[PDB]
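Everything below concerns the one structure shown next.
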Amino acid sequence: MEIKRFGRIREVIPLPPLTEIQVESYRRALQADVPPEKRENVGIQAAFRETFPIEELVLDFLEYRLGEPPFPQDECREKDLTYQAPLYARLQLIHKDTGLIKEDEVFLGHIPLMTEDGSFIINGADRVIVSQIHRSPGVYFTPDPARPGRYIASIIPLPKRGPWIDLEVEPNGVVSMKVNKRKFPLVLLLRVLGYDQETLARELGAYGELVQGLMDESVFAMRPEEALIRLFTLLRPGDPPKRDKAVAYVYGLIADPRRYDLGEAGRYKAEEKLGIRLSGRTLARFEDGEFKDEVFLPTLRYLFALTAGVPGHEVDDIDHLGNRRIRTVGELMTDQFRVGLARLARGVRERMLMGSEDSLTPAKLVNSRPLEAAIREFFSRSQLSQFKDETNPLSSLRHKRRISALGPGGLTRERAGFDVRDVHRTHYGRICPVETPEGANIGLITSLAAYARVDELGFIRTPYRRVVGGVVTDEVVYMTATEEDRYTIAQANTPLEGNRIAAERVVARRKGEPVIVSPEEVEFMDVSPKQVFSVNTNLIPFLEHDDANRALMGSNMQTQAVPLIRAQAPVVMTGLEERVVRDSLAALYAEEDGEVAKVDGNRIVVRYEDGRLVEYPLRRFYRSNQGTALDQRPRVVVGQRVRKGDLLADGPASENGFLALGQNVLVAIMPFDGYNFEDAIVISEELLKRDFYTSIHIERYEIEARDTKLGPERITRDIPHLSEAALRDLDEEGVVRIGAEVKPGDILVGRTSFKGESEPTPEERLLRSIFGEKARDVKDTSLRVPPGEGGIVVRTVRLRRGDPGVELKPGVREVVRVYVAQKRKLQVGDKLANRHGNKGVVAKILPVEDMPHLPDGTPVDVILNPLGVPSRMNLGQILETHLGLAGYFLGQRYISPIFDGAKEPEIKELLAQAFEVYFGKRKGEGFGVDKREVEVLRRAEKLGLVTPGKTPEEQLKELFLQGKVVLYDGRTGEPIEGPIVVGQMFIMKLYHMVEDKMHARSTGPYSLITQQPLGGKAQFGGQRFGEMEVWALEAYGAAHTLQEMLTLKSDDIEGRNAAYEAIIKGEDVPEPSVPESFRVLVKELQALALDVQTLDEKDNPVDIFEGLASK
Amino acid sequence: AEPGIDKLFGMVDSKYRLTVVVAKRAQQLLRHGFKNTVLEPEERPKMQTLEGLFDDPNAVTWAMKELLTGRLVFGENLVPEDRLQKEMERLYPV
Amino acid sequence: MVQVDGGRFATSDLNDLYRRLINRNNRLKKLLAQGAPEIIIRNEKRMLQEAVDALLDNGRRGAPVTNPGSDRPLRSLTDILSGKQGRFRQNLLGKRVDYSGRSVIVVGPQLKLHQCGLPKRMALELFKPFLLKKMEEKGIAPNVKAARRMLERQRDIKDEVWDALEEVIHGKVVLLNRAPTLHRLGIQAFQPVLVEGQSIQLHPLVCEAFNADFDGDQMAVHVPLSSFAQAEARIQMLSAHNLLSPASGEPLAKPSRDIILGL
Amino acid sequence: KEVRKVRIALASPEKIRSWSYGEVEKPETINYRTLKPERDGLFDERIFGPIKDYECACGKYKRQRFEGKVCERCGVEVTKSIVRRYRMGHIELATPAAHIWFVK
Amino acid sequence: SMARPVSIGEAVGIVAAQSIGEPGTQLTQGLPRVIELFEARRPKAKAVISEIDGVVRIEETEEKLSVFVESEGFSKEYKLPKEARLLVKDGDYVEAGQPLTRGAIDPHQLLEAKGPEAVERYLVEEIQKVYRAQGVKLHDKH
Amino acid sequence: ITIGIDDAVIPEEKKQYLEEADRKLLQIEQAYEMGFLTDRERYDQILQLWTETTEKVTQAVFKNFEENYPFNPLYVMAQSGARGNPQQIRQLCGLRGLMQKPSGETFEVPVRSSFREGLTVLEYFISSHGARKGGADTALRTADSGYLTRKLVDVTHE
Amino acid sequence: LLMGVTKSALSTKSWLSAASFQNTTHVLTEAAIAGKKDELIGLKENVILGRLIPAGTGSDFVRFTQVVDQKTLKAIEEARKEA
DNA sequence: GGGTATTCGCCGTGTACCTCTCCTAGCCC
DNA sequence: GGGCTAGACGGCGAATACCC
RNA sequence: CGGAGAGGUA
Ligand SMILES: [Mg+2]
Ligand SMILES: [Zn+2]
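Protein chains in written order, with PDB author numbering: chain G, 1 to 56, 64 to 1118; chain P, 2 to 95; chain E, 527 to 789; chain V, 3 to 106; chain U, 1210 to 1237, 1254 to 1367; chain H, 947 to 1104; chain C, 1420 to 1502.
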């Protein structure tokens, strides 16, 4: 069909690679391919140069290299391995005394590798490292909260790379420095750093009134050595003030480039703010046995200047995006690697004293254990290493661009107030103001912008077009917020003639403040509105008509769409669907020009111009992490000529390269017999008839055979006391045959385990005697289908002990995995939603003849409630519906970009064009206007929707131009008393389906300690009767119901047993007893040497244990 | 709502007393196999199944209907419990 | 000391604390048996005091004792008693119960005010013992054991058991709940009506009391067993008898969006 | 009877020694190999009671005909296994120790 | 819930607590005011109240302010900030526990001055004011 | 009952009110630059003028609905009390109003567009502040409400 | 004396309610020293003990109501008159 | 000696449900 | 190869701090 | 069938 697109804003640059934030960062961190002689001092090389050389014999580092991965990616996914590469380092041990040089390449463990899309494979699972936002290191000046006219000067190094230094001007005049909750006069440290009274007097003399609080003769009397001793006594009380200890402590606290590490970004921020030049990344230096200042004097000067009110000195906002930075996967991995390397270094230092002091080879000195331990700890247990979310390609693409403020060295849920959750003025173009998790995590988790990129220092930059004079140039500049605050930035949609600004007065921003400006004062201009929002939000058409609170839910719900087997690209796109599919790497594109040689459901063989015959295998029916089925489908034919970049295979949830997460349905907006009450949704059975909204899901079960002291577990078709019907579908090896249908209760894998030695109860002895059957030495431990599940078996994976290439957990002989698939249709309970935040569960599925239908006989599919619009204020869906009606009658699709899209008059023109096709056709076949249409037209002209006096055709056209048509009721046949809005809407089927959530329990397992029923659907547990439910039951005054909820349906053991027996016998339930949890509480209180005694009305003891605990 | 719940609430001074009366009457009816009722054969609670009309197995409905009739006497300290139980089991064996 | 299904050992921290305490106590006994100098006995008694303190309340004084190779502080008796996860607020003022279920809710306009649509499978699972009794009464099964072995599998269910189930629930009620339960009307009693599908059908007018909408909400079903509980539910907790809010005294079961619009 | 009051009070060493069935004296918990409880450990069977209902540890008495009897070989009483949930032990400290609750 | 005399045995405390707590999530002073009222916390910007009866006499220094409650036998002086708004004009008789400055009243001082009934009435009215402003109908009974 | 994009009717008086407000703002700026009133008074009078214009345009919207479209779906939904309040109807048909900075201060320029006409990217970014503020407010209020309810329940349980 | 809801709840006489509420260690130590005896007056104590709460159908005002039909009452009256 | 004033340590901050992963390391017989 | 051993915020009450 | 961490729904 034809594709028509509106919009006049012409973008000068295309979107960057949407996943560059991960890929480029990791590639810079590893420096794998670059020759070792030219690697820059960043990442792994930086950690190596920092840790080495260690003195104590002096071990020196030369270079490193990365080996080849032992197994390909799919193989690791198969056998639960980690896709990693071996890291070798060429180290040489040098003997300082004699000169012994022992050089060799040592193996230092493995490093996980990043896939082509930007995710890792850890223990067979796909994982993602989320970038973290935090405060940039450097020097900051804040207003003193209590004392108004005073300021606090903070010096903050990299996280975990030093202590936070605080400087304050006390009321009595002395400048107090705070380190590790210890406050002391800064004058002592100033004296330690080699400063004299005259030096401070001449430097800070411009601001007298504080220098007098700075002058202290007692510290000026003693030399820096005694001052250092006193300082060490002040910091570490109780430690003997020996000179060497004080020197070492103060050095490691300030001058140590290994223990105290100011950031490169921190050094840059300091050089920019204080206007000085830093030779290194530490506050002071230990040179010639003394200490030399680098930072303290200029920052003290700046503080004393600011507190006096000199012009040019301003406080810093701690939420300004020039003061907050992003750590990418590279920096986090490098930090963990540095920690592991420091542990390895201290270990090596330990080995350099024990053992043979002469026979020492670097292979004997270094132990690879701490490095591997730290790296595996980071990749497995860290708070930022998250399970990948891959319900559909858009979901993973969004997850790769997520920004978290929590994690190590970050905020917690309790210490996050309103300030950190707000939207600062500098998020414009850098962080999406709309997309954020709803609930407790609101504002803490965010998403990168569209055009936003992260530089090498870690600040988020955004592009702007340069404007010189009145002409808008074409070269773009990427700027940060600190640099952005210095210019006047015009808007993107200003009128333009050629390259000249045509408007006399433009809307511009100055430091986030909106203002009206003359063109000559405009210095920069925006690139496009797209740069203000994330990737998810950029997919919602007609966003300028939706409230933020609802566009939020729309953006969030687009992630949870399920890939259908008949997906369709929407009728109203935003022009960004192709780029998302291309960058998600789901689809398969042609590398170069050529011709397709072979096309099959399994692979595609292409002949390029070079003559080489390339073969792309298609990932077919593969299970994602969330249980959805991802598969590729060939979209070409033998002999087809393809160019560079053409589509070859269509990925999951995509239709010819366009993102297709749902379907286009003909929806009418009206209330329908109360079935639309409060967000419910009525659908037609025609959707089910032609396999719409049909999705495929794959469930995976796993069973292990392990060695038991009573004998090994066996997988075998022979199971005691089972009829052949239960073993019909099993093969000889006890595994189900591929293709057999399994239902709840059926056996997937037969497994027998040796019967634990137990004495048969005399009742069971009597049964065995009367039946004459011997009890088998083995019992049934076969894996069965849980209740509510089932489907078709598609794959069986088997890994034994003694088979080559695989390794298991100690004690496990073999492991078997079974994959089960099922086609899930739409039904009462599933969740539907559109892109503008309207969501609801399917409440009724009507026959085709009951649905309202257009006069030409076509029935609508979905019915929405109009009462959802006025309180939600999301008018985008109404415009999308109008445009969809126009398209459905014209047979085309539209592309309306965000904030520069189809306005109302164009939609009216399109609707007139569509009405021509819709009406002249009927006119030609020999039909006028219906009687019911005439009645509806009369009732409408009584409402003021049409103009009186015109012919019925003109009034019908006037109604159509507003998106309203005459509908007939499928039940009665009479028309609805008024015109109704009807059009095509794009609706996606969400992932929360009722089939996965329905659950019930009569009786089942119980806990060990508390003897209460278990929890969760997995363990067949029961619901929780919480505290508030007890409050409600008390408020009703229902005493016996509550007593039963607490004892009979709970941890009262003999009570519930007698209750079950009496119920199956037909009598009423018995009277309960004391719950077991109270006995547990009493015994726990006795465990604390506290005697708890239950008494009667006469204060006599009452035994609730029935003499079981009384000697 | 329940049939005649208003007249039921009118009969007692506290709704909880009505609840207790109904529960105890239902327990009595269950224990004595419905052959100790005060209703008449034509006004017994009926239940429509696939076959036809039968006796409703729910004792609470029987108790509420009986209470609506008015042939029941309820209160405090009408008779010692053991004597009541003995006379009830003697008049209607199990 | 539980051997997990995977064959590994999971040990309560109480075991570790007791082991440490008994170790230090035996060490002190052995040292007293030999008569070491006063300093050794002194530091040993200090360690014993600290071990007893850690057993009774870990972390109350000094650094919390933790496992080697971990930062997680051990869980002493005091930490078991108190707290939101402690014994009191977790296992005494609230419990998990049998004969319960949970599902998604869907509007049903055809139900009366005192009815609720219940799926057939949830009803067959909740009312299982009464169903076994009824099946034993009629000729559906010889005894309760055969009835259970008949019901255990889904492909073995015939149609007579559905009539039996319809006979069982005649007149009984179930409690519907939705979390969070803010006021006493968050739990209400309804008569069940067996319907197809897997969702719970709810009456429209009671939607305001529960503060429930149909954008994916879930509800929990509980079943009262005895005649006392049945009377308490049918008389005081039935939805048709609670029309006025106890807070203000104004009606709660009142017309809403569609109804008010039409009228 | 009927529970009407709940009194709580301090526990003298006499009442503590009266609660216990024996002294724990070895830090072992269970044999890692056989999975049987270690002798005199935190999980001993002679102190806290049997593991299986009506069955001694050594396997001499295994029926309800013997209840309250103590097997001479293993030293275990033959009752219901539920007693393993109620019976308490006691450790005899070499020197007194202060209860932290009444100190901090 | 039934528009009739309450039945003996009803759990009234739980019903009152729920009826007060449920509309809490709709209060945009609001919820912090309700919380500080139910906890009887001394307010931050607290008003000043006359402990004794008498006639008001303002004394205004260009840098200081004071109020004198003058009876026939007794006299009391209260020092106030310069910007503190006044609710009493000179030459007026004010009751014990009457607010002089605009602001919230400390409940403990009101209890020491005017007695229990005044504190109870004031607390009831002040707690009801929030739910009134938020358009929530709630009976004073709870 | 249905909802079309033409069911949100823009009144004619909106243009006249906006022009009057613009000329009033110009007068205020001219009077400010002459040193008659300081910055605080100028800010306050601007806020006052914009609030008066907002209430006027709300009154105009509702009078137009009442007079010329007594059966308009939005007007019926508001009058019958089924859904919506006057403020949301104003935001749909009138003007969005004034939005406040994260610090609490109100912006000088208001959002003169409505959802029926469509916003501009700048005004949308402006309103996102209040949106996020309200969201965080609710998310942090729920827990305090729960704690208060529990304290009350436990103090009066007997 | 006037005190907030927190202190008023913690200063109650029943130590089970205060122990379940907050500051468990403090309340438990004070009650253990004082040798307190909980009388089970409130609702939380009876909920903990798993007993019948003294409200609604569990209240002592209506818990002891008897039900008997006319025939059985008449028979009992005749049996008592002949005793 | 007493009558405040600060501060320092402890306790506390919603309910219900679903999915997944992960639960010590080193050395020596 | 397994076994053994080693970047809140409030309130509340006691303890000084300090001033007269 | 015990605890931590993460994400999500209402
Ligand atoms: Mg909802
Ligand atoms: Zn034995």
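Heads up, the beta-carbon is just placed ideally off N, CA and C, and yes, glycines get one too.
I need the straight-line Cα distance from residue i to residue j, nearest angstrom please.
i	j	result
residue 969(G)	residue 729(E)	36 Å
residue 445(G)	residue 560(G)	8 Å
residue 841(G)	residue 672(G)	11 Å
residue 1277(U)	residue 978(H)	50 Å
residue 1477(C)	residue 1040(G)	12 Å
residue 956(H)	residue 1007(H)	7 Å
Grouping DSSP H, G and I as helix and E and B as strand, with all else coil, what is residue i?
i	result
residue 604(G)	strand
residue 917(G)	helix
residue 536(G)	helix
residue 661(E)	helix
residue 617(G)	coil
With a 10 Å radius around its C-beta and 16 neighbouring C-beta atoms as the bar for buried, classify residue i as buried or exposed.
i	result
residue 817(G)	exposed
residue 148(G)	buried
Since residue i and residue j should fall inside the 8 Å C-beta cutoff, what is the C-beta to C-beta distance between them, to a whole number of angstroms?
i	j	result
residue 673(E)	residue 662(E)	6 Å
residue 866(G)	residue 977(G)	7 Å
residue 220(G)	residue 254(G)	The pair is not a contact, with the Cβ atoms about 29 Å apart (cut-off 8 Å).
residue 971(H)	residue 995(H)	7 Å
residue 554(G)	residue 880(G)	4 Å
residue 1424(C)	residue 1293(U)	Not a contact, Cβ separation roughly 38 Å.
Does the beta-carbon distance from residue i to residue j come in below 8 Å?
i	j	result
residue 51(V)	residue 28(V)	no
residue 582(G)	residue 382(G)	no
residue 231(G)	residue 297(G)	yes
residue 1210(U)	residue 16(P)	no
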